[PDB]
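A lone chain, given as structure tokens: the form deposited in one PDB entry.
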């Protein structure tokens, strides 16, 4: 084979070479020591990693049997969950003690981007998306309707531009109010005595609250830009009377720039396809470039310089503070195998390598690269798919052991707890407590959590449709319970409380209209799928004072355990055959749509047309929910495997047409049984009920390396 033997490890050569020649130099960690560290950590933590995975199966096996042996009695259901150790007791009240955390996280509320780390240009754009032009965001999207001669065309539409300008002016009025008059009638800006002064046609005024003036560039008598702050977020008015847009503008204004994506999550998990050592190195290679601060295709933006209202120079971050999202506890990867040939656990590998690489982001020099990520010295790892408090404790112990190998102070590696499995939801307080000195983030989502919901209660009966799930009692309790737990553990001012991703990348008007609900619910952050979306979602943090919302929610217990445990069973004869048919086709094409690009092209995140040609950018969770739903309906006789195959066959050509604009694409229809993508989609459904916690990675990872194998002959 082509591996390097170290202790019990057989490291893939490409990985070994990458760590030694690219990752290690500059960290002052001795190579041989590092690799012995890896051998040690892997040997020491693998058994516990395995025991936890076995605990999941044992619990699920018990719940399965419980449902088979029986209108649910909730007292008995609950007592049973307590008996098997699924429902643990709730700890007393406490406050997290996590320290050395950047201000982006402790204090600032705002958008958070997620991006596939394997895609360097996407990753590049995300990092630079800390600052984004509101004009570009408004003009380029449907937030401004195209109706009244404001349509987009191959050239700039001045009528549309004026609407953009008016929209921005009104934003300024709502966010940084003048003590009298509107920004719409502004004629110019001057800095007079460390104060911003705004010229109107008939007078001059300052800010209703002068403290919102945070700086400027250029001469104080005629600034090239004015920097403003609201709710901890910065607004920059660019002033340039001789630019084209400036010439038409009443105050010479050229653009309004918003501090947008305050933090970004570089993703190694559900948005990327990485099934082997070659894929993993590409991943780690981009993350290195980002932390070194030298990755380019167009560079990483440098920090922005301003003149304080007083008179000195200061510097504001120009990049989005980066987190990394490791894979979770389940999967193994062939990047490392042991002597007998067993693949090493992928999450353990991610903590070591993504942690090692992140050392470079803690300082600027020749050997570490020019740009700094964390200014406080933290490495931020989001850890997905944890089930309960013991799996959290294990993560902390892993990070603790990784810190020792890497020579870092204890608690350097912070953890972001994704709350997307049921056993975490109902034990959330205990999960946070288990990370009380490392936690900087909790969040919620729809697709994975609902996937787990369906899998856990697979045997209980047919579940409601996917669309119906969004409004079920359990999920509403789950959303509120998340925020409550976080606030009760002292998160406001200390850690992020996040909500889920907006997936409809083209429906920006809808996003601006409805996504405001998340800050209003007290989320200090929420996920956006693009830099444009980050900019538009930032408007919400200007309209909503999240700090104040979180304060008003304090001490409230809005979710009962009974609500959390309400299984989304369908009622009697809830559906007409056309409705069943609609739902089946829907899920079949969401699986096909996502799966063809995963297996054939190693893409896990992209604008995928849904059954009604709406463009969604979902991650791999879309497979979990969809497949678990179909498997649930199969198992209870709502549908048949014939219906499923016939649906998949009906939807395959449609997916084929929706990818016409693509060169690399290879149709699935009409030779279905020779498409590895098509067979994967079909396996995901017919084998769905048998997968551990309904996870799709085992089948998906296998099919992708099958496709890659066929490519190699």
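In this text, rigid core is short for the largest set of C-alphas that superpose within 1.5 Å between two forms. Residue numbers count along the first chain shown, from 1.
Student: Rigid core superposition, C-alpha RMS per stretch in 6 other deposited structures of this protein: which comes out larger, 563-571 or 144-152?
Tutor: Looking at 563-571 versus 144-152 in 6 other deposited structures of this protein, the farther one turns out to be 144-152.
Student: Aligning on the core, I want to see which stretch wanders more in 6 other deposited structures of this protein. Is it 574-582 or 266-274 by C-alpha RMS?
Tutor: Comparing 574-582 with 266-274, the larger C-alpha deviation in 6 other deposited structures of this protein belongs to 574-582.
Student: Within the set of other compared PDB entries, does residue 368 lack a model in a third or more?
Tutor: Yes, left without coordinates in at least a third.
Student: If we scan the other compared entries, does residue 71 go without coordinates in at least a third?
Tutor: Counting only entries that model residues on both sides, residue 71 is unresolved in at least a third of them.
Student: Classify the number of deposited-sequence residues missing from the model between residue 297 and residue 298: none, 1 to 3, 4 to 9, or 10 or more.
Tutor: Unmodelled stretch: 10 or more residues.
Student: Per the record, how many residues of the deposited chain fall between residue 70 and residue 71 without being modelled: none, 1 to 3, 4 to 9, or 10 or more?
Tutor: Just 1 to 3 residues are missing between them.
Student: Name the higher of the two by mean Cα B-factor in the PDB entry, 46-54 versus 649-657.
Tutor: That would be 649-657.
Student: Please compare 163-171 with 201-209 and name the stretch with the higher mean C-alpha B-factor in the deposited structure.
Tutor: Averaged over C-alpha atoms, the B-factors run higher in 201-209.
Student: Please work out which residue in 453, 350, 510, 75 has the highest C-alpha B-factor recorded for this crystal structure.
Tutor: The record points to 75.
Student: According to the deposited entry, which of 373, 496, 587, 286 has the largest Cα B-factor?
Tutor: In the PDB entry, the greatest C-alpha B-factor among 373, 496, 587, 286 is found at 373.
Student: Among the chain's modelled residues, which third holds the C-alpha B-factor of residue 301?
Tutor: It belongs to the highest third of the chain when residues are ordered by C-alpha B-factor.
Student: Can you tell me which third, lowest, middle or highest, the CA B-factor of residue 231 falls into for its chain?
Tutor: It belongs to the lowest third of the chain when residues are ordered by C-alpha B-factor.
Student: Classify residue 320 as lowest, middle or highest third according to the C-alpha B-factor given in the PDB entry, relative to its own chain.
Tutor: Ranked within chain, residue 320 CA B lands in the middle tercile.
Student: By the recorded C-alpha temperature factor, relative to the other modelled residues in its chain, which third is residue 703 in?
Tutor: Middle third by C-alpha B-factor.
Student: Splitting the chain's C-alpha B-factors into thirds, which one does residue 66 fall into?
Tutor: Residue 66: CA B-factor falls in the lowest third of its chain.
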